[PDB]
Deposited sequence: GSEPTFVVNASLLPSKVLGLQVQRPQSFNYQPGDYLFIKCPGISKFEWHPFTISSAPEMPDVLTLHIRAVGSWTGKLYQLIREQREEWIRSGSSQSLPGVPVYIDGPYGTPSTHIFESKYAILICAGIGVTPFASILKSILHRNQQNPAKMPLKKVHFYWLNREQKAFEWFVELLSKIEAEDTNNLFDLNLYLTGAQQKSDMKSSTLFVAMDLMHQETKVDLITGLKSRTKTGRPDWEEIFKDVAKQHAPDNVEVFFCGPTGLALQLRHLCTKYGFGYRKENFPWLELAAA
């Protein structure tokens, strides 16, 4: 039904995000891109909410979630965590920071995990939609270091769109590490504010020209299959779906209601 466990650490990140570390049960095996449902009895005894696991399964003791405060339950959890921590800076007491019991239900799979069996992949995300791809990019790094022979993936085109510049900070370190360690040019990283991030990669501005992007990527990889993976709003999905048909790219019909405009 679920595993009892605890928040072991947290962070308060820009654009209203709660970075959460949760102790990983001995039984909990997952794949990059998976999500779980979480219950926090302190916020609500009975509600379960889904979040993508932003950590990689290669990381041994903790699971990570990046939860954006957009409403009632997420807003309360953010507030609970902040207030416990604000009381700690004053009191300095262990009593001001009790530890947060939670229950987790998972893992639950998604088709994005099939990136590991693809040759060429496009990854497109908006806002907090980045989280499955954060997990996936980390796991790719672990896998290439541990056993490069065993991975068929030859090129990853990554696109991350944000309304607010400060949101890129959620994963700026992971993206720096990729830039530093990608000697063989596995990754093509693209950041769009809809270097500028302090990365080698220049933050671009406006809505990407998806027709031009897809055209270029099709030329790079023809006549092979390219797989498109997406986590964003529906108006964008419609555009991408049309373009996948036009260029013969793999598409999964999925919707992400928490990312709508």
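Of the deposited sequence, positions 195-221, 289-291 lack any modelled C-alpha atom.
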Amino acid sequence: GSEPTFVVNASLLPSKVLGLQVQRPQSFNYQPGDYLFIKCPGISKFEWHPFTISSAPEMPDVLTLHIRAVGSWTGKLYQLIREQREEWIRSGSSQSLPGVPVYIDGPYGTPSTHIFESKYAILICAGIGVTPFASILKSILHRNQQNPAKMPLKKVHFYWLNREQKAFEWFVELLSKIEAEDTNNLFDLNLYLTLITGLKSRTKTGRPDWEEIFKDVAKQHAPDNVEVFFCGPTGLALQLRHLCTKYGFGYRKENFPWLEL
From here on, numbers count along this sequence of modelled residues.
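Rigid core (definition): largest C-alpha set, two forms, superposition within 1.5 Å.
Choosing between 227-235 and 39-47, the greater Cα displacement from the shown form in 5 other deposited structures of this protein, fitted by the core, goes with 227-235.
In summary, of the stretches 184-192 and 86-94, 86-94 shows the greater Cα distance from the shown form in 5 other deposited structures of this protein, with structures fitted on the rigid core. Two stretches are in play, 197-205 and 219-227, and the higher mean C-alpha B-factor belongs to 197-205. The PDB entry records a higher mean C-alpha B factor for 19-27 than for its counterpart among 245-253 and 19-27. Per the deposited coordinates, the residue with the largest Cα temperature factor out of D188, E169, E164, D105 is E164. Across the options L123, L97, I136, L77, the residue with the most elevated CA B-factor in the record is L97. Among the modelled residues of its chain, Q145 has a C-alpha B-factor that falls in the highest third according to the deposited record.
The PDB entry assigns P111 a C-alpha temperature factor belonging to the middle third of its chain's modelled residues. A56: CA B factor in the middle third of modelled residues in this chain (values from the PDB entry).
When all modelled residues of the chain are sorted by CA temperature factor, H157 is found within the lowest third. Annotation for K45: C-alpha temperature factor in the highest third relative to the rest of the modelled chain, per the entry.
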